[PDB]
Every structure is written in structure tokens, then in C-alpha cells.
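Note: hydrogens, waters and symmetry copies are ignored here, and every other heavy atom, side chains too, is used. Every chain is numbered from 1, with letters handed out A, B, ... down the list of sequences.
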Protein chains: 2
Amino acid sequence: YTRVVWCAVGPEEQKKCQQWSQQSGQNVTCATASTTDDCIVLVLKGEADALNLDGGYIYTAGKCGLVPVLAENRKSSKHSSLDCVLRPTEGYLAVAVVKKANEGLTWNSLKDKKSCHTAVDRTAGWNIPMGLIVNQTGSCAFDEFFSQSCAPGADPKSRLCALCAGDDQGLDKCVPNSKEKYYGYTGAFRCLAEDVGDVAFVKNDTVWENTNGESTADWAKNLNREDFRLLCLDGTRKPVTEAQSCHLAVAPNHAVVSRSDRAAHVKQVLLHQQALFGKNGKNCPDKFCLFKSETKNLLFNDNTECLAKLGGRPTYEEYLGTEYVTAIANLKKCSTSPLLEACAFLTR
Amino acid sequence: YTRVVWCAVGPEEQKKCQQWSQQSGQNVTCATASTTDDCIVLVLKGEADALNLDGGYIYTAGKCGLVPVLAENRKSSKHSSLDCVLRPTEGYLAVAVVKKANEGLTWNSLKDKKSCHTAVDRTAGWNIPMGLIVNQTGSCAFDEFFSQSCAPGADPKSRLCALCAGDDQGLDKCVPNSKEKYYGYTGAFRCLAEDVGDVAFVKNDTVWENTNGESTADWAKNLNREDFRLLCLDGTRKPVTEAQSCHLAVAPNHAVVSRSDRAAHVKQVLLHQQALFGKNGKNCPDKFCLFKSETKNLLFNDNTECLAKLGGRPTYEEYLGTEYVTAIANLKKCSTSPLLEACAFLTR
Ligand SMILES: *[C@@H]1O[C@H](CO)[C@@H](O[C@@H]2O[C@H](CO)[C@@H](O[C@@H]3O[C@H](CO)[C@@H](O)[C@H](O)[C@@H]3O)[C@H](O)[C@H]2NC(C)=O)[C@H](O)[C@H]1NC(C)=O
Ligand SMILES: *[C@@H]1O[C@H](CO)[C@@H](O[C@@H]2O[C@H](CO)[C@@H](O[C@@H]3O[C@H](CO)[C@@H](O)[C@H](O)[C@@H]3O)[C@H](O)[C@H]2NC(C)=O)[C@H](O)[C@H]1NC(C)=O
Ligand SMILES: *[C@@H]1O[C@H](CO)[C@@H](O[C@@H]2O[C@H](CO)[C@@H](O[C@@H]3O[C@H](CO)[C@@H](O)[C@H](O)[C@@H]3O)[C@H](O)[C@H]2NC(C)=O)[C@H](O)[C@H]1NC(C)=O
Ligand SMILES: *[C@@H]1O[C@H](CO)[C@@H](O[C@@H]2O[C@H](CO)[C@@H](O[C@@H]3O[C@H](CO)[C@@H](O)[C@H](O)[C@@H]3O)[C@H](O)[C@H]2NC(C)=O)[C@H](O)[C@H]1NC(C)=O
Ligand SMILES: *[C@@H]1O[C@H](CO)[C@@H](O)[C@H](O)[C@H]1NC(C)=O
Ligand SMILES: *[C@@H]1O[C@H](CO)[C@@H](O)[C@H](O)[C@H]1NC(C)=O
Ligand SMILES: [Fe+3]
Ligand SMILES: [Fe+3]
């Protein structure tokens, strides 16, 4: 079996996948599922081979025995002659975002506000913010800390999914895939920009990438950077330019995960695949571009220069980092998770 | 060893072979095996010398180091003046064939349909259709694409062998030799003519050759040309008369293969052998006709005028054509093969 079966989450990621298969000549093929946890189960079960996960989902995959393969790398500030595949990975900035018009909304005034999230169990939209909120309150009532939220993945009949809009017919409310209007980085931002929520937990890069006409989709083009403000742990409301000291935490990059037995092969294929269809690649933009999806961060983030290597075969722990592992572990004492609990025997 | 040891597949091909031996005065003799792969292994091992293979089987033979010797060549409409052994080869038309009666079955609704095939790994019955289906779906789960199939050679306990009937006691279900009821071109057709399947992947010529009493065997004689029809890649359902732009792909002719050292010998013996017992032959029909097989396409196709030479020194690649070689290679990224793996190994 020399093909690598990519798991796509939802029809958008699935149609991109379909193309990737065709252009790579079935070097890559596609399994599909509604949610990322379903895909993690597909990879567990041998019906798929690999997928690109947010660090939060990498915690779950690693609890189920999967390992990381290749990290994402995005344009750096240091500017290095070292090649993208060899350049050290940077992290990204998890930040809270508000409309500047809503004054008097600081860190310490978030209770009973409407919040927007990428999805449940992701790093910027959930793990870091909710972990911090639980730490301060001394309470596991993250479910009742906000009046309403949109957090795809949560209990669909809960208040954490009250704000999620579904697709366009309004169906599949709060499924954690891009079919949902407010899924993901982009979706949490949109959720804020149409003021369905008061704060959005995203990354630094989302704010710039969707403001000042960088996205010429409906909601986004008209958006404006100065109308938005980064809440800090201190209690301030700084502008987006001040992200380097107004960030909630530093988040490990979305990385590819696979089973151990299939790791080295998947890496191989992917290293070559990005040569063919990556940023500066032979068939990019002729036949297919792997890291470009028309602003929907499909399969990978759109701002991915390339997939960088890692040192050795790292575990999910080494990759994510002892301290982020602990922050996650602690947030998860507040909440049992089916996939996590079914797998919990693998690490005892 | 001036004898050419022909490999026969099944007792049916074996008993025709036997006669061919006797009349040719042991200029040719017979080895036997259950399947075509087994015969290719006999040629590898020096235990046989040559046999006539479908283009798909020629790819496998070529991965194991065998070379083509003489193509089959069929009654043409054009050129027709250069003698048969010197006439350029034309290819053949791989087509999908359905009962006309079954409306609402085009190309794009073949999922969950019942399929009939010549055998696994052949050009018209397997490689071209499945290759396209895998390309369309972006998925290597071709085994689960059709509800049931008959594809001799597949895992006999699988669903791709569910429909195959065996011989007459029903034994040897789904072995890819003519003793199984739905093996080969003819066998795929019949699988349709008795509606055990909904589509059959065969060549143009099979359709005419079994309809309108062109065959006076049981199932075939009563057939009508217009009760069967050809699905197109566009999605149409045009007549068999319309084969020329409702063809799935162009198929390289069934060719004889041998080991590389024995090629030039086998050629001469065969060119002389067809002079003796061929279409236009001194001992045909008197004592033996090499290209007539009791309507069972034994050893060679029945519509074979003769064996034509090949241009230059061809590899299995050159003969089949750079593009169909790739169509095969990709479909085989979805499936490991024992003989191919042993040959990817031992010859290197
Ligand atoms: C699909 O995946 C295959 C498998 O990796 C890719 O084919 C491989 O790519 C190149 C193109 O010929 C070959 O690599 C080179 O081989 C030669 C030795 O002859 C040498 O320059 C280097 O050692 C280098 O590795 C390799 O032979 C080839 N593999 C096969 C089996 O042909 C292919 O590029 C991928 N295509 C797409 C569209 O994804
Ligand atoms: C927060 O996210 C934004 C958006 O990704 C980051 O800004 C981006 O930073 C890179 C590197 O600093 C910029 O590239 C630089 O731009 C100049 C063009 O003047 C170019 O010559 C250099 O080669 C260099 O790559 C990039 O333009 C910029 N993106 C946008 C949309 O402005 C920012 O660095 C992040 N902030 C923190 C604190 O990490
Ligand atoms: C089996 O194969 C051998 C070939 O190796 C056949 O032997 C050949 O038999 C013919 C006579 O039938 C000989 O032909 C000669 O041709 C010239 C014309 O250029 C003529 O002048 C001679 O008088 C003679 O007719 C030929 O020499 C001979 N070849 C060998 C190598 O001995 C044999 O007939 C084949 N038998 C069957 C049943 O296939
Ligand atoms: C699809 O397959 C059918 C059957 O294999 C092809 O029809 C056959 O075509 C040959 C050559 O065109 C015909 O031979 C002709 O016979 C007549 C005598 O009646 C003669 O006038 C011509 O000189 C030529 O020799 C043959 O009769 C015909 N067979 C049948 C049963 O109709 C057809 O050409 C194939 N079409 C495509 C597009 O591949
Ligand atoms: C089949 O794959 C080819 C490349 O091998 C691609 O160009 C084509 O688009 C694929 N088929 C379809 C229906 O897209
Ligand atoms: C809160 O602070 C940090 C989380 O940022 C954590 O290390 C610490 O254990 C927590 N303690 C309490 C009492 O919440
Ligand atoms: Fe993330
Ligand atoms: Fe064939």
C-alpha cells in the first residue's frame, strides 16, 4: 500500500483532497469524516493514514498512540537562509479579539459575555482560553462561564453551541468542520465581525489575514484593523500591532499525525508532494496548490509556506511541550471525552 | 531445446494447446497452470517459454523482466493492403455495457451497482474502468465501490467474487481461467446477458461477436444488439454503433511475451506456426486452426487474423504506451500484488 490516505473533515476539505489525489496520481487518496475525532479514529483503525491537526487535536491523537510527522511552517520574521523544511518552527500567538466599540470588555469582565471559538479542544479557540478561565475561577463551570458561545464540537443542544449558525440552510449546527459558518479560525473571526459574539479566541495571524481587504469575501473585505482590540491577561485592551506582549499563550503549530508504522512513509510522500504542489512548486499554480484553498484553511493553514521536519520521531508530548501538555491535562480533568477515555488505557 | 513450451491456463486452454503440440510435431509443447500469474511464474522459471497476454497481464510480465514478442492483430477496416504480419496494430476499445432496459444507470451513478468483469488486472475488464473510478472518487476503496461484482482473480471470499458461478458443478468459484463461467471477455458479457450484473466492462468487439446470432451457443444466440448499451464518460447512453467516442480508453492488443533470451527464437517458431495453422493456413481447417477455440478465446483471441511483428526493440512500457503504463501504476498504488512484489525484488 504505497498510497497515503489523507483524512478530510467535511465536504470542503474532501473536495480539495479529491483534487490532491487526482493530481498526485493516487499517490494520495481520501477518506472522509464529519469531525476531526472521527478522522483520528479512521487513522487509528487503518482506514486512513494521516492528517494535519491543531495542537489540541494532536493531544487526542497522541493519547490514542499516533505520532507527529511534519509541522507547518509559515513566513518567518527572523529571515533565515535555512530552507523552509529545515527552518525551526515558530509557534503562533493565541489571542482574544474584541470590537473596539465594546469598551469595558477586558479579560476580567468576560463572564456572561457571548464568546466565539474555533472549535472545542483546539488550542487557540478553546484549550488555552478555557484552561485559563478555569484556572482563575477555580471552577469547572467553563460551560456556564459565558452566557452563550459558538464552539463547534460542544453538545449541540448546549449553550456553547447556541450561537453557531450551521451551513447556509442552517443545517448541521455546530459540527466542527468548515461547513459550519463559525468553524475554525476564520469562523471565530467572522462570528465576531458580525457581532454574534463579543470576544473571539483566535491567533494573531487570523486578524491581519481577514482585515484591510486581505480577504475579498463578503464579510471580510470591509473589515478594518483599528476597529479590533486584543485583550491581555493584565486587563488591557491593546491594538493588534501589540500582539507580541498582548497574547494569551504561544501555541505549537498544526502538525501532521499518523500511526508509528506508517510515519516514515507518509513523511516521504509529503516531502515530495509539497515539492510538486506546495508554495513554490512545479504544478503550483498550474494543476494544484496544496496550501491554497480560497481562504478556508483546508487540510492545512493557508499561510503555510511548507511542512517542516521535526527533530527525530517526537512524541505528542515533546512536540506540544510539557507545559502545554499540563495545561491541557488540567483543562481535561473538567471534562471526560469519549475518544480520550476510550484510548486512556494506552498510556498506563 | 528448440521446442517452445507454451503455458496454458486451465484444462480448456490446455486441451487446445495439446492438439497444437501434436500437429506441430512437438515444435510447441504445453505447460499448465491454474491462473495467468502462475503461467507468468512458469516463464520466469524457465519451466515454460511464452504465452499470449492481455495488456494488463503484460505490465506484470514486464515488471518481472519478460518482453513482448508478437501482437495480436485483428480484421481491420483501413490500410487494408500491407500483409497481416506487417500491418500496424490498431488497439481496441474498452467499453462499458449495460442492459438498455435499466434506465437511470449512467457512468456517474455506477456506485452501488452490480458489476461484471473479465478478470482482475486485465485492461478492459479491470485496469481502465477501476483506474478511472478510483481517480474520480479520489479513493482506493474500489473493492467497496460496487455492491457485488464478478472479477475472477480477486479474493474468492470477498464481494468482488460474490457473483461468479464457478464451472458447472459450481466449483472453482472465481478462478481467472475459462473454466469459471464469467471469466474473460465472453464471460463478462454473459454475466450481463443473464442479468447477474448491471454493467460489464468488455471491449467493443465482444458486443457484436455475441449479439444477433454471431454466437450459436445457448445464452448468446437469442440476443439482440439494441437491447444493450454503452455508457460514456460524459454520462450519455449511446448505441454500440457509436463506439468511437463512447470508448472508455484505447487498449493495447493482447501480445505474446517471453523471456528476453528466448524472444527471437519464439518469434520465428510462431510466425511459422501461424503460417501452418493460422487464419489462412495450410493445415487449417484440415487438422488444426490456431485462432479458433470453440468460441472460448483460448490461447489467443478468436478474431485474431495473425500475430504481427513489433516496431523495433520494444519494452513492455513502449508497447503498452507511456500513458496506460501510468494509468496502471496509479491504480496499483491502491493494491499490493504478490507477483509484482516478488519481481520488484528479485530482478532489481
Ligand atoms: C508519485 O510518487 C512517486 C513515488 O515517489 C513519484 O515518483 C518518483 O519520483 C521521481 C520521478 O522519476 C523518481 O525519483 C528519482 O529517481 C531517480 C533514479 O532513477 C533519481 O534521480 C533519484 O533517486 C530520485 O529519487 C522516482 O524514480 C519515482 N518513482 C517511480 C516508482 O517512478 C512521483 O513523482 C509522484 N508523482 C505525483 C504526481 O505525485
Ligand atoms: C502577527 O501576524 C501577522 C500576520 O501574519 C505577522 O505579520 C507578518 O509578518 C511577516 C514577517 O514579519 C511580514 O513579512 C515581512 O514583510 C516585509 C514586507 O515589508 C518583507 O520584505 C519581509 O520579507 C517579511 O516577510 C508580513 O508581511 C506580515 N503580514 C502581514 C499581513 O502584515 C506578524 O509578524 C505577527 N505578529 C507577531 C508578534 O508575531
Ligand atoms: C518443425 O520445425 C522445423 C523447423 O525447425 C521444420 O523443419 C523444416 O522443414 C522444411 C520442410 O517441411 C524444410 O524446408 C526447406 O526449405 C527450403 C526452401 O527455402 C527447401 O529448398 C528445402 O528443400 C526444404 O523444403 C526446413 O529445412 C526444415 N527446417 C529445419 C531447421 O530442419 C518442421 O517442418 C516443423 N514441423 C512442424 C510439424 O511444424
Ligand atoms: C467494433 O467491433 C466490430 C466487431 O469486431 C467491428 O466490426 C467489424 O469490422 C470489420 C472491419 O471493419 C468488418 O470486416 C468487413 O467485412 C465486410 C464483409 O461483410 C467487408 O465489406 C469489409 O471489407 C471488411 O472486411 C466486419 O464485418 C465487422 N464485423 C461485424 C460483426 O460487423 C467494428 O469495426 C468495431 N468498431 C470500432 C469503432 O472499433
Ligand atoms: C483524473 O486524473 C487526471 C490526472 O491523472 C486529472 O487531470 C483528472 O482531472 C482526473 N479526473 C477527473 C474526472 O477530474
Ligand atoms: C493557575 O496558574 C497557572 C496557570 O496559568 C497554573 O500553573 C497554576 O497551577 C494555577 N493555580 C491555580 C491555583 O489556579
Ligand atoms: Fe490551531
Ligand atoms: Fe484485453
Side-chain angles (χ1 to χ4, degrees), chain A residues 2-9 12-31 48-54 68-90 92 178 184-186 205 208-209 214-216 253-258 262-310, chain B residues 134-140 322-323 325-327 329-330 333-334:
Chain A
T2 60
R3 86 289 199 273
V4 175
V5 176
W6 210 262
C7 201
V9 194
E12 287 169 45
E13 280 209 343
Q14 194 248 354
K15 298 263 177 67
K16 175 146 163 185
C17 197
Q18 296 283 100
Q19 288 182 68
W20 187 7
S21 192
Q22 286 157 341
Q23 295 322 294
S24 74
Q26 275 73 250
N27 269 347
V28 162
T29 50
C30 302
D49 281 291
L51 74 164
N52 181 238
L53 292 186
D54 174 61
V69 178
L70 293 173
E72 288 184 346
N73 253 324
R74 62 162 182 121
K75 45 153 61 186
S76 167
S77 91
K78 169 201 175 302
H79 158 50
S80 288
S81 68
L82 308 162
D83 178 44
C84 182
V85 161
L86 298 154
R87 188 202 324 152
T89 59
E90 328 183 14
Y92 62 79
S178 56
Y185 287 124
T186 288
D205 306 284
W208 306 71
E209 282 174 287
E214 310 293 318
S215 168
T216 48
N253 287 74
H254 293 203
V256 182
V257 305
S258 82
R262 297 277 301 176
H265 173 68
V266 160
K267 189 176 148 164
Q268 195 189 9
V269 162
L270 270 175
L271 286 173
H272 181 59
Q273 279 302 297
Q274 71 182 336
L276 288 201
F277 312 101
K279 178 173 176 187
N280 278 287
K282 170 189 173 186
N283 269 318
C284 191
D286 279 297
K287 293 281 98 175
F288 181 88
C289 286
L290 192 53
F291 306 125
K292 180 54 169 57
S293 70
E294 293 188 11
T295 75
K296 293 172 269 324
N297 308 326
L298 297 189
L299 264 61
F300 315 82
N301 287 307
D302 277 330
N303 65 284
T304 314
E305 283 203 10
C306 83
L307 316 184
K309 298 207 197 195
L310 308 198
Chain B
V134 164
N135 194 46
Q136 294 165 192
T137 70
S139 173
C140 281
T322 73
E323 295 177 56
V325 171
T326 301
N330 291 347
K333 302 184 190 165
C334 299

Indicate the atoms forming the closest heavy-atom contact of [X] with [Y], along with that distance.
{"X": "A:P88", "Y": "A:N73", "value": "O-OD1, 3.9 Å"}
{"X": "A:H265", "Y": "A:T2", "value": "NE2-O, 2.9 Å"}
{"X": "A:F288", "Y": "A:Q23", "value": "CB-CG, 3.5 Å"}
{"X": "A:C84", "Y": "A:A308", "value": "O-CB, 3.6 Å"}

Do A:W6 and A:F300 have ring centroids that are under 6.0 Å from one another?
yes
Do the side chain of [X] and the main chain of [Y] share a donor and acceptor less than 3.5 angstrom apart?
{"X": "A:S24", "Y": "A:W20", "value": "yes"}
{"X": "A:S21", "Y": "A:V28", "value": "yes"}
{"X": "A:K296", "Y": "A:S293", "value": "yes"}
{"X": "A:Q274", "Y": "A:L307", "value": "yes"}
{"X": "A:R87", "Y": "A:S81", "value": "no"}

Find the distance between [atom1] ([X]) and [atom2] ([Y]) and round it off to the nearest 0.5 Å.
{"X": "A:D83", "Y": "A:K309", "atom1": "CG", "atom2": "NZ", "answer": "10.5 Å"}
{"X": "A:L70", "Y": "A:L310", "atom1": "CG", "atom2": "CG", "answer": "6.5 Å"}
{"X": "A:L290", "Y": "A:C306", "atom1": "CG", "atom2": "SG", "answer": "11.0 Å"}
{"X": "A:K75", "Y": "A:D205", "atom1": "NZ", "atom2": "CG", "answer": "10.5 Å"}
{"X": "A:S215", "Y": "A:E294", "atom1": "OG", "atom2": "CD", "answer": "10.5 Å"}
{"X": "A:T304", "Y": "A:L299", "atom1": "OG1", "atom2": "CG", "answer": "10.5 Å"}

Test item: side-chain donor near acceptor, A:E72 and A:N301, under 3.5 Å:
yes
Do you see a donor-acceptor pair shorter than 3.5 Å between the side chains of A:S80 and A:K78?
yes
Atom pairs and distances, donor-acceptor, side-chain atoms in residues 275-286 of chain A, under 3.5 Å, two or more places apart:
none

Within the 4.5 Å heavy-atom criterion, are A:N303 and A:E209 side-chain neighbours or not?
yes
A:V5 and B:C140, any side-chain heavy atoms less than 4.5 Å apart
no
side-chain contact (heavy atoms from CB on, under 4.5 Å) evaluation trace for B:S139 with B:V134
CA-CA 5 Å; B:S139 173; B:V134 164; over 6 Å; no
CA sep, side-chain torsions, deciding dist, call: A:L270, A:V4, side-chain contact (heavy atoms from CB on, under 4.5 Å):
CA-CA 9 Å; A:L270 270 175; A:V4 175; over 6 Å; no
Picking from A:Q22, A:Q14, A:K15, what satisfies side chain to side chain donor-acceptor pair (under 3.5 Å) with A:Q18?
A:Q14
Are A:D302 and A:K292 ion-paired here, with the side-chain N under 4.0 Å from a carboxylate O?
no
Check this for me: does any side-chain nitrogen of one of A:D49 and A:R3 sit under 4.0 Å from a carboxylate oxygen of the other?
yes
Have a look at A:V69 and tell me which of A:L51, A:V266, A:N52 forms a side-chain contact (heavy atoms from CB on, under 4.5 Å) with it.
A:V266
List in chain and number order the residues that pass side-chain hydrogen bond (donor to acceptor under 3.5 Å, both in side chains) with A:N27, two or more places apart in sequence or in another chain; answer none if no residue qualifies.
B:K333
Return the set of residues passing side-chain hydrogen bond (donor to acceptor under 3.5 Å, both in side chains) with A:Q19 (not counting sequence neighbours), or none when no residue passes.
none
Evaluate disulfide bond (SG atoms under 2.5 Å apart) for A:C30 paired with A:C7, printing each intermediate quantity in order.
CA-CA 6 Å; A:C30 302; A:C7 201; over 6 Å; no
